[PDB]
Structures are given as structure tokens and as C-alpha cells.
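Below: the structure, in C-alpha cells.
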Amino acid sequence: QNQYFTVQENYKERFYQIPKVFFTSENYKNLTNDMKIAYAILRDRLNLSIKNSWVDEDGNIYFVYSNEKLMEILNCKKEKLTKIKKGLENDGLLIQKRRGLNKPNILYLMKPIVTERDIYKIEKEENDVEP
Amino acid sequence: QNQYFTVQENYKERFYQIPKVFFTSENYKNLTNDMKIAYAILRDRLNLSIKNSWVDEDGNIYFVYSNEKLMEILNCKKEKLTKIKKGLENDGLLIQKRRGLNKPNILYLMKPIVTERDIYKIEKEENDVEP
Amino acid sequence: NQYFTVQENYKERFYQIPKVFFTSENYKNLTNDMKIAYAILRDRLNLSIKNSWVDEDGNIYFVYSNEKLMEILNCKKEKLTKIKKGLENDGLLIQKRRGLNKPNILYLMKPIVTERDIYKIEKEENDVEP
Amino acid sequence: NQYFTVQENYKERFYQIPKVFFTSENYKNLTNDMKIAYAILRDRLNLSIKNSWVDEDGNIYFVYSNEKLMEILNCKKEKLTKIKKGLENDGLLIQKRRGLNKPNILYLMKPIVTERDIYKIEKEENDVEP
């Protein structure tokens, strides 16, 4: 017979999403496990940013989080937060904007870049069947 | 270069989901286009029901909607609402519970049933490549 | 603990209709068949990537015969033409003709989202209670 | 209007880690490698359905050699054993041994969700502002 929609099943199916290209691209080779996971967590927070009207003039969605709050969100210490921020920033996955004395710093999460090698590798992985 | 996460892109990627089995199974052959679409719309509302604490003792998620409200949600007239409700109910996709004089009627959306024929047909469709 | 089951896997396979099809004044003219056919073709986008149906700029397209499209959409020829035209008029489909012998190249298009669309979808998605 | 592009398609391919891995006291012991490896194997669940790796009750399983698992997880043997054991202890993996000649049958398992998990995830998912 049919099954109900259950709250247990609903929360079993909630995820943090790490882009597959983080595992194929040479550009994202330097990323640590924490950097990848933190990137996924921030993406889920993107939906929170849309609720906060944290959308700029061009429709770009951003974060207005203090380092303390980011430490809370990512469950990490201060040094780790700095290392993660730098790692993502250097790979072009995070952009930091300063708005001056009047305002707190803005954080922009960025989509990854995908090359033909990445596409080939992901296709290869996603269609690896047998015999 | 990298792209921002944009609110436009976010809302471009919001969907109503119709189960693929609605198009393969003999049991769901009788369903009209409106029944299928209404089923998808109610599923998105499932997330609203979790926010409303519309979860019963066994964790089953339900609706507490009046016919007027359902008419608003589904954008349909009264006769259409009745036809949709009956069609889904007869196919086991909707269960209606009466709680008496004290309370308004409860609606339970149900997951579809999938048979081996359904699985075969969906596999066939999802892997229909060439040459 | 629970297993991953094939029934649960195929229970969770869907055809996805963009919510804006129900909010925008622009897509008001679309019939139910047009909306569903659009959802079905999008799923087929994944098949097109497997078929190397990708142009120079990375745009994904279809090169299906009308008979094939009739099979995919489970419709007769008249219905197919009506659907193609309906989607085309709303900018959701671009059709290129390669002549009598060959099938048309079809480009499925993303819909347009306006602030009114965004507001109404926000309204729907947060339609909560005390 | 915009095209569907292959870059955008593969930009949107992910490995999914259950949120409860970060809230539950039960999964606190899991390392980052264990969580990621779990996400990767889940994606492989779709490959198992294609391989007819489905048992009598519809449960999806893996029959990959340790060399193959090492390739999939991009790890050495010691790491693989540590990951398998770590997932196994938390009930996220069931391992059946078919002897010296053959690879182990592996059942990936869904996690357990408690009310504390649900509450914390609700708290996270609705962490809004004025």
C-alpha cells in the first residue's frame, strides 16, 4: 500500500551539497575537506540570504556574517575560519567586500568553474557501469 | 570567471514535481493533467505543513486546508477541486480524515506505488541514448 | 537502520515544471500539456548531453524526429505542433529547420523570472500559520 | 532567454552529505573523510541500480573490490579500512563477506534522525533576520 510523507523521511533527505568538480579540477585540488564542507554549508545558507533580502543591485546574493557567527555556522575555531576563508577566496569561490566604517563586511559565495576535463571526468564517473 | 549566485537563477530553479510513475503506471492512467499538477503543488505544500507542525503522532505530515483555501492554492473552481480530490483519493494518492465537530478535515498526501513495470519503463526512458 | 531501495529511488523521480509557469502573466497562455511537455523535455536535456547534442557555446539541444517527439510526449502530430508553437511563442523553445530530409534542431529555453514572480513565489513558499 | 548549458549542468552536480551528520551526537565520531565517502557512495547507489545490484527485497548494494573502492574514494588501503569501519560502527554501512576470492557485499544505510536532530536542523534552516 501507499506510504505517508513522514517528517523523519523529510529530514533524512536534507543535505549539504559539495560540487563534484571540487574532486576533479586541478584548480580545486588545494581545497581541504573543511573548505569543501564549509562551501556546501554556505550554499544552504544562500537560501537564508534570500530571506534576509541580502541581494545586491544586480541580484547577487550575499552574506552579512561576523567571524563569530561564521564560527558558529561552520563549527570551527578562529584559525580554521581564517584558513577556510583564504582557501575559498584564493580559488575564486569566495569574494569579500568591505563597505566601510558604516557597515559590516559582505561575503559573496561563488559558483565553481567547470572545464572540459571536469565534464569528461564526471561523465566517466556517473556512467561507470558493468559488465 | 566565476559567477555569482543570483536571485533570478534561484527562482528560475524552483519547480513543481510530478512523479514520473504517473505517466507509466496503469493505476495512474486515469489521472488528468490537473490531478497530476495539483499533486505536485500539494507536495511543495508538504514543506509548509512541516512548518505548521501539521505532523501526526506517527510522524505523518498532513494538511489542514479548507476547500476555499485549496481552491486558492490550486487556482481552480469548486467542481474542479472536487474532481481532483476524488481522482487522487481513488488512486490512493490522497487520504481524507474527519476529526469531528470540534475540528476541520485533515488531508494526507500519499507517495505513489511503483511496480517492476514502472521501474523498467522509467529506466528505459532515462537511458534512451544513441547511436 | 533503513536500506536504500529501488522502489524509493523511482518514487523520487520527477518531471519538473517551473513555478513561474503558474505565477507569471507571461506564461498564463500556456496549457497544461505545454507545461508538462516542457518538464519532460528538460529531463531529456540530460539525455542530450549523453548524445553529444551540445553546440559550440555549450548550449544543449534536441535533434528528435517528429515521430520520436510524439513518442516522448505521448501525443498525436496535431498536438505536437500545437505544443511546439505554444512553447515557441513564449520564448521557451527555439526551433531551427534543416530542411525536408532532417529533423529540426530544438533548443529548450529557461523561463523569465520577474520581481512579481519572485514575490508571488515567496508568498506561496512561506504561506505559514501561527 | 537563456540556454541550458553543459557547464551549468555539471556545475550543479553534487555529493550530498546528510545534515544530521553535523547535528546528531550519534554521528559526532565520524571524520570528514567518512562523511564525504558516504556522500560519494550514495551517488554510486545510482550506479548500482544500473548494474542490477538489487537484492530480493529491493535493497541496493555494492559489490566493488577493495581496489575499486580505493579508486572511487581516492584513498589508500589503510584509509579505506578505517572509513569502512567508521561507517559500519555508526550503522551507516553493512558489510557481508563472501570469502577470499570475492568482493564483500556492501549495503549503504540511511542515517537515523531524532527530534533533537530535527529541531537543530529546523533552527539552522530558519536562521533568519529582521
Side-chain angles (χ1 to χ4, degrees), chain A residues 17 19 21 43 46-47 50 55-62 92 108-116 118-119 122, chain B residues 1-17, chain C residues 14-30 34-64 83-96 104-122, chain D residues 1-14:
Chain A
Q17 304 180 124
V21 71
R43 190 186 210 271
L46 286 170
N47 297 118
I50 300 175
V55 188
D56 70 22
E57 310 80 12
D58 300 310
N60 308 320
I61 309 160
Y62 60 84
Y108 282 102
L109 200 68
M110 304 281 105
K111 296 170 130 180
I113 292 159
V114 181
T115 72
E116 55 155 70
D118 298 324
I119 296 180
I122 298 168
Chain B
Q1 239 191 40
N2 304 76
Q3 278 149 324
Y4 293 80
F5 288 95
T6 77
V7 68
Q8 307 280 0
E9 188 56 42
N10 182 274
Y11 285 87
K12 258 171 217 171
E13 293 295 298
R14 308 276 202 170
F15 308 99
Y16 290 133
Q17 304 180 124
Chain C
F14 311 100
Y15 291 119
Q16 304 180 302
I17 307 174
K19 283 180 175 208
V20 70
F21 283 2
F22 301 84
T23 66
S24 182
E25 186 68 25
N26 293 330
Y27 303 121
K28 173 185 175 186
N29 60 319
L30 295 173
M34 286 168 196
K35 298 193 226 274
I36 291 163
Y38 177 95
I40 295 168
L41 288 173
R42 189 188 143 92
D43 178 78
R44 282 262 158 183
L45 286 169
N46 297 119
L47 292 175
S48 293
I49 302 174
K50 279 163 181 203
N51 292 348
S52 284
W53 293 354
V54 188
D55 69 20
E56 310 80 12
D57 300 309
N59 308 320
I60 310 160
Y61 60 85
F62 300 128
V63 49
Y64 284 133
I83 288 160
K84 273 161 87 157
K85 183 178 166 248
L87 297 185
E88 211 155 336
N89 289 344
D90 279 7
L92 302 161
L93 190 63
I94 290 186
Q95 174 149 197
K96 314 174 89 170
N104 285 348
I105 286 178
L106 256 45
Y107 280 100
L108 201 68
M109 304 280 103
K110 297 169 130 66
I112 289 161
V113 180
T114 72
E115 289 238 334
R116 289 225 63 186
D117 299 324
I118 296 180
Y119 168 82
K120 293 200 269 185
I121 296 168
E122 282 182 314
Chain D
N1 254 339
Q2 288 152 328
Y3 295 80
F4 288 97
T5 74
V6 69
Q7 21 276 357
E8 188 56 42
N9 183 274
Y10 285 86
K11 258 172 217 171
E12 294 295 298
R13 307 280 333 154
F14 311 100

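Keep in mind that the numbers below use all heavy atoms, side chains included, and drop hydrogens, waters and symmetry copies. Proteins come first, then strands; the chains are lettered A, B, ... in the order of their sequence lines, and each starts at number 1.
- Annotation: cation-pi pair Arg14(B)/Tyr11(B) present, NZ/CZ under 6.0 Å from the ring centroid and within 45° of its normal.
- For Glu115(C), the CD atom sits in a loose shell: 12 or fewer heavy atoms of surrounding residues, nucleotides or ligands are nearer than 6.0 Å.
- Residues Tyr107(C) and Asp55(C) have side chains that bring a donor and an acceptor to within less than 3.5 angstrom of each other.
- Closest approach of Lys84(C) and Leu93(C) over heavy atoms only: O-CD2, 3.9 Å.
- Looking at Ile49(C) and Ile60(C), their side chains come closer than 4.5 Å, going by heavy atoms from C-beta outward.
- No close placement of the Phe5(B) and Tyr62(A) rings is indicated, their centers lying 6.0 Å or farther apart.
- Between the side chain of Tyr38(C) and the main chain of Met109(C), a donor-acceptor pair closer than 3.5 Å is present.
- Note that CD of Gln3(B) is 5.5 Å distant from NZ of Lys111(A), once rounded to the nearest 0.5 Å.
- Formation of a donor-acceptor pair under 3.5 Å by the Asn1(D) side chain with backbone atoms of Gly91(C) is found in this model.
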**Request:** Go through the steps for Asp90(C) and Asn26(C) under the test side chain to side chain donor-acceptor pair (under 3.5 Å), then give the verdict.
**Result:** CA-CA 7 Å; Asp90(C) 279 7; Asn26(C) 293 330; over 6 Å; no
**Request:** Using the side chain to side chain contact (heavy atoms under 4.5 Å, CB included) rule, take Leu41(C) and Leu45(C) through it: C-alpha gap first, then chi angles, then the decisive distance, then the call.
**Result:** CA-CA 6 Å; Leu41(C) 288 173; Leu45(C) 286 169; over 6 Å; no
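- Remark: side-chain polar atoms of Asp118(A) are paired, donor with acceptor, to backbone N or O of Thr115(A) under 3.5 angstrom.
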**Message:** Run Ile112(C) and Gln2(D) through side chain to side chain contact (heavy atoms under 4.5 Å, CB included) and show every step you take.
**Reply:** CA-CA 8 Å; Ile112(C) 289 161; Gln2(D) 288 152 328; over 6 Å; no
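- Judged purely by distance below 3.5 Å, without hydrogens or angles, the side chains of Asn51(C) and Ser48(C) never pair a donor atom with an acceptor atom.
- With respect to the salt-bridge test (charged N to carboxylate O, under 4.0 angstrom), the residues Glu12(D) and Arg43(A) qualify.
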**Asked** Could you go step by step and tell me if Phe62(C) and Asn104(C) meet the side chain to side chain contact (heavy atoms under 4.5 Å, CB included) rule?
**Response** CA-CA 8 Å; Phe62(C) 300 128; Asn104(C) 285 348; over 6 Å; no
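- With sequence neighbours excluded, the residues satisfying side-chain hydrogen bond (donor to acceptor under 3.5 Å, both in side chains) with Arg44(C) are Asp128(B), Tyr64(C).
- The two residues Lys12(B) and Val113(C) make their nearest non-hydrogen contact at CG-CG2, 3.5 Å.
- Taken to the nearest 0.5 Å, the NZ atom of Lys19(C) stands 12.0 Å off from the CD1 atom of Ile17(C).
- Atom NZ of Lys85(C) sits in a sparse spot, with 12 or fewer heavy atoms from other residues, nucleotides or ligands closer than 6.0 Å.
- Atom OG1 of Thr5(D) and atom CG of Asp57(C) lie 10.0 Å apart (nearest 0.5 Å).
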**Request:** Could you walk me through whether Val63(C) and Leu106(C) pass the side chain to side chain contact (heavy atoms under 4.5 Å, CB included) test, one step at a time?
**Result:** CA-CA 6 Å; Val63(C) 49; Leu106(C) 256 45; over 6 Å; no
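- Looking at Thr23(C) and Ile121(C), their side chains come closer than 4.5 Å, going by heavy atoms from C-beta outward.
- Nearest heavy-atom pair, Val21(A) versus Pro112(A), reported as atom, atom and distance to 0.1 Å: CG1-CB, 3.6 Å.
- Looking at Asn10(B) and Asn47(A), their side chains come closer than 4.5 Å, going by heavy atoms from C-beta outward.
- For the pair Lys35(C) and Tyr15(C), the cation-pi criterion (under 6.0 Å, within 45° of the ring axis) is not fulfilled.
- For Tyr3(D), the side-chain hydrogen bond (donor to acceptor under 3.5 Å, both in side chains) test picks out no residue, with sequence neighbours left out.
- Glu9(B) meets the side-chain hydrogen bond (donor to acceptor under 3.5 Å, both in side chains) test with no other residue; sequence neighbours excluded.
- Atom CD1 of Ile83(C) sits about 11.0 Å away from atom CG of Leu30(C), to the nearest 0.5 Å.
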